[PDB]
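Residue-level structure breakdown
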Amino acid sequence: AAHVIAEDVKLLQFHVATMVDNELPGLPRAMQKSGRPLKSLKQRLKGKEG
Amino acid sequence: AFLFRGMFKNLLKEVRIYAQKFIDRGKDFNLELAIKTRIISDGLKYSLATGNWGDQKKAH
RNA sequence: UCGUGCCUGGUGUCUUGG
């Protein structure tokens, strides 16, 4: 149904989008249950240490 | 004192849900099991250990 | 009188060095 599929593709939109980039303006952040934000592919190469 | 406020509030949230799950059955509820010891004992011990002045889930 | 060998830690934070 359109509503449940929309929830599936929006949360899919969230996980795929957070994979590359875990720093969105006005968007929740991907975090491990171990209490830390995930290092996305962009975070592997963004900063001074990437 | 800043800590102990929040840590005591947490345990009032525990005893809350524990009273609820138990009255709704129409049974009676017991506070000894409701009292989550690991709030104080671990929160203190945590903040004094890491240095993070907060809760473990909002530690950033 | 004998014949086998590189395993091997990641994450954060405070202190301190020029």
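Looking at the method and resolution fields of the entry, one finds cryo-EM and 3.0 Å.

**So, the side chain of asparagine 22 of chain A**
Residue and element names in this part refer to chain A. Considering the arrangement of structural elements, one finds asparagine 22 in the loop between α1 (2–20) and β1 (31–32). In this structure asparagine 22 comes out as buried when scored by relative accessible area, which is 6%. Ignoring any residue separated from it by four or fewer positions in sequence, one finds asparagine 22 in contact with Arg29, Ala30, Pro37, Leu38 and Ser40.

**What about the packing of aromatic side chains?**
Residue and element names in this part refer to chain B. Applying the stated criterion across every chain, the model contains two aromatic pairs over all chains. Ring centres 6.1 Å apart and planes at 35° place the aromatic pair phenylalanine 4 and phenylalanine 8 in the tilted group. With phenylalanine 4 and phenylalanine 8 both in helix α1 (residues 2–23) and four residues apart, this pair spans about one turn of that helix. Using a relative accessible area of 46% as the deciding quantity, one classes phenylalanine 4 as partly exposed. Summarising the aromatic geometry, the rings of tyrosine 18 and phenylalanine 22 are spaced 5.1 Å apart at their centres and angled 20° between planes, so their arrangement reads as stacked. In this pair, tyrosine 18 and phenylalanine 22 both sit in helix α1, four residues apart, roughly one turn of the helix. Directly above the aromatic system of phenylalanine 22 lies the positively charged group of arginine 25, at a separation of 4.6 Å from the ring centroid.

**Here's the deal with α1 of chain B**
Between its first and last C-alpha, α1 of chain B extends 33 Å over 22 residues, near the 32 Å set by a 1.5 Å rise per residue. Residues of α1 of chain B that are buried sit in contact with α3 (40–50) of chain B.

**So, the side chain of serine 40 of chain A**
Among the secondary structure elements, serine 40 of chain A is positioned in the segment after β2 (36–37). Contact partners of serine 40 of chain A, with chain neighbours within four places excluded, come to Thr18, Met19, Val20, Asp21 and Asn22 of chain A.

**Notes on the pattern of salt bridges**
A full pass over the atoms with the stated rule returns four salt bridges over all chains. A salt bridge links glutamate 23 of chain A to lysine 46 of chain A, with the shortest nitrogen-to-oxygen separation between them at 2.9 Å. Taken together, the residues span a long stretch of sequence, with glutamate 23 of chain A in the loop between α1 and β1 and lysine 46 of chain A in the segment after β2 at a distance of 23 residues. A relative accessible area of 47% means that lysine 46 of chain A is categorised as partly exposed. In this structure, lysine 58 of chain B and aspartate 55 of chain B form a salt bridge, with 3.7 Å as the shortest nitrogen-oxygen distance. Classification of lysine 58 of chain B as exposed rests on a relative accessible area of 58%. Using a relative accessible area of 30% as the deciding quantity, one classes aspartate 55 of chain B as partly exposed.

How each quantity is defined
Residues numbered from 1 in each chain as written, not as in the entry; some residues may be left out. Chains lettered and ligands numbered in written order. Part of a larger assembly, values for the part shown. Heavy atoms only, no water. Helix = DSSP H or I, 4+ residues; strand = E, 2+ residues; numbered from the N terminus. Buried < 20%, exposed > 50% of the residue type's maximum accessible area, 1.4 Å probe, protein only. Contact = heavy atoms within 4.5 Å. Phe/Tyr/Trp six-rings, centres within 6.5 Å; stacked < 30°, edge-to-face > 60°. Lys NZ or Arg CZ within 6 Å of the ring centre and 35° of its normal. Expected span 1.5 Å × (residues − 1). Salt bridge = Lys/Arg side-chain N within 4 Å of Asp/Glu carboxyl O.

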